[PDB]
Amino acid sequence: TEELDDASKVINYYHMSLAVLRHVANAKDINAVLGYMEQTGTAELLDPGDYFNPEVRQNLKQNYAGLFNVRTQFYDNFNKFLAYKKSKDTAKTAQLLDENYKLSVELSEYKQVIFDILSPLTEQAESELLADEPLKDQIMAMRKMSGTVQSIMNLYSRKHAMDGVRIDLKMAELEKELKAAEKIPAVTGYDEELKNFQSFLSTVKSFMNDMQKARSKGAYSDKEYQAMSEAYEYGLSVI
């Protein structure tokens with residue numbers, strides 16, 4: 001079938017995006033650089049094909065261009081900062097840190113816009129490829145919650161600019177998805193899969209308790225981010 005191949009090209013595009021974005025726009029790498037600056041003493045593989053409509057292709061291209069542009073500015077400013085720090089130029093180093101704070105948020109937003117574009121498309125493709133799967137509803141629910149968790153972590157990961165209000169909106173979205181998932185009817189002959197689905201739900205509630213606490217501090221913490229990224233990496237995996 002033509003639609004099945006198109007649906008698998010949407011999934012593969014998402015996987016490639018997730019791999020590239022995890023390598024070039026990783027919050028831990030960006031926040032480590034910002035941390036250093038505070039111390040007082042080829043991407044043509046992502047060209048989207050016609051399995052996406054023209055608006056979607058243009059949105060992806062513009063957001064990836066923006067992402068790489070703000071990433072280059074960020075690391076250029078960091079290398080300029082290292083030269084200025086040696087030159088004892090306190091005025092210029094402060095300006096570059098101020099610029100790199102704004103650029104780190106822009107980089108995070110571009111990454112979020114790319115995931116926002118792909119999320120309903122990957123969802124539609126998965127619904128087609130899993131049409132004959134007895135646990136379609138369970139798989140779909142976990143995939144969507146994993147995406148919502150990843151969006152919350154992205155919003156939290158913004159060192160010097162933790163976005164509380166957007167975290168809260170995404171937590172309400174996650175709570176709504178969780179209550180719907182808890183109502184998914186069990187399928188006979190899949191008790192092993194059901195136990196691991198129930199463990200997924202329990203891990204989401206744990207994540208939510210940890211994120212409520214982290215978010216209540218009103219600011220990004222390297223300690224909270226490292227703890228939560230380690231605790232939920234494998235359990236709430238967005239692959």
Side-chain angles (χ1 to χ4, degrees), residues 10-11 13-15 17-18 21 25-27 52 55-56 59-60 63 67 104-118 120-130 133 135-159 161-175 177-185 194 196-221 224-225 227-236 239:
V10 165
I11 298 308
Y13 186 85
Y14 168 76
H15 286 157
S17 286
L18 185 76
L21 292 181
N26 176 248
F52 293 136
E55 185 182 24
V56 165
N59 292 340
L60 284 166
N63 280 285
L67 184 127
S104 63
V105 174
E106 287 196 63
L107 189 71
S108 190
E109 283 170 336
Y110 280 128
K111 187 171 67 169
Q112 189 58 46
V113 174
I114 296 154
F115 285 119
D116 291 344
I117 293 151
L118 295 176
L121 297 167
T122 298
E123 198 173 318
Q124 185 61 51
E126 274 291 52
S127 173
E128 284 161 42
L129 290 151
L130 303 165
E133 189 36 57
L135 310 163
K136 183 193 175 237
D137 296 351
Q138 288 84 339
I139 294 150
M140 293 304 287
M142 287 187 270
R143 286 194 72 77
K144 196 168 188 167
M145 290 187 273
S146 282
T148 311
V149 165
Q150 172 178 252
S151 294
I152 298 160
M153 283 290 275
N154 188 44
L155 290 160
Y156 179 78
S157 85
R158 300 169 182 194
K159 177 166 162 68
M162 191 208 70
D163 201 340
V165 67
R166 293 238 168 247
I167 292 152
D168 300 335
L169 286 160
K170 289 276 165 161
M171 290 276 288
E173 178 182 304
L174 186 51
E175 168 88 330
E177 291 164 8
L178 187 62
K179 290 191 168 295
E182 285 164 1
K183 283 154 66 205
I184 296 171
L194 168 69
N196 292 293
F197 176 64
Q198 288 172 324
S199 291
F200 182 95
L201 300 180
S202 163
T203 309
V204 166
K205 302 160 207 166
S206 283
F207 167 76
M208 283 180 92
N209 290 333
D210 294 4
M211 181 51 79
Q212 265 206 103
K213 182 207 146 214
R215 134 91 182 106
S216 277
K217 311 254 205 72
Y220 166 90
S221 164
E224 289 273 16
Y225 188 58
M228 284 189 287
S229 73
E230 290 174 16
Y232 298 108
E233 203 172 340
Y234 295 96
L236 306 170
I239 288 144

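Index from 1, following the sequence. Heavy-atom basis, side chains included; hydrogens, waters and symmetry copies ignored.
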[atom1]/[X] to [atom2]/[Y] distance, rounded to the nearest 0.5 angstrom?
X: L67; Y: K111; atom1: CG; atom2: NZ; value: 8.5 Å
X: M211; Y: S206; atom1: CE; atom2: OG; value: 13.5 Å
X: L118; Y: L18; atom1: CG; atom2: CG; value: 9.5 Å
X: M153; Y: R158; atom1: CE; atom2: CZ; value: 13.0 Å
X: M228; Y: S221; atom1: CE; atom2: OG; value: 7.5 Å
X: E109; Y: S104; atom1: CD; atom2: OG; value: 9.5 Å

So, [X] side chain and [Y] main chain: donor-acceptor pair closer than 3.5 Å or not?
X: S17; Y: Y13; answer: yes
X: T203; Y: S199; answer: yes
X: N154; Y: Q150; answer: no
X: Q138; Y: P185; answer: yes

By ring-ring contact (aromatic ring centres under 6.0 Å, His included) - contacts of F207 (at least two apart)
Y232

Is any side-chain heavy atom of [X] less than 4.5 Å from a side-chain heavy atom of [Y]?
X: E128; Y: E123; answer: no
X: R166; Y: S151; answer: no
X: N209; Y: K213; answer: no
X: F197; Y: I139; answer: no
X: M145; Y: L178; answer: yes

Given side chain to side chain contact (heavy atoms under 4.5 Å, CB included), test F200 with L236 step by step and report yes or no.
CA-CA 7 Å; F200 182 95; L236 306 170; 3.7 Å; yes

Of the non-hydrogen atoms in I152 and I167, which two are nearest, and what is the gap between them?
CG2-CG2, 3.8 Å

What pair of heavy atoms forms the shortest contact from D137 to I184, and how long is it?
O-CD1, 3.4 Å

Does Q212, at its CD atom, have more than 12 non-hydrogen atoms belonging to other residues, nucleotides or ligands within less than 6.0 Å?
no

Qualifying residues under salt bridge (charged side-chain N to carboxylate O under 4.0 Å, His left out), relative to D168, sequence neighbours excluded
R215

For a quick check under 3.5 Å, do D116 and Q112 share a side-chain donor-acceptor pair by atom type?
yes

Sort out for me which residue in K144, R143, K136 forms a salt bridge (charged side-chain N to carboxylate O under 4.0 Å, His left out) with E126.
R143

Anything under 30° is parallel, anything over 60° is perpendicular, the rest tilted; go ahead and classify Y220 against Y156.
tilted

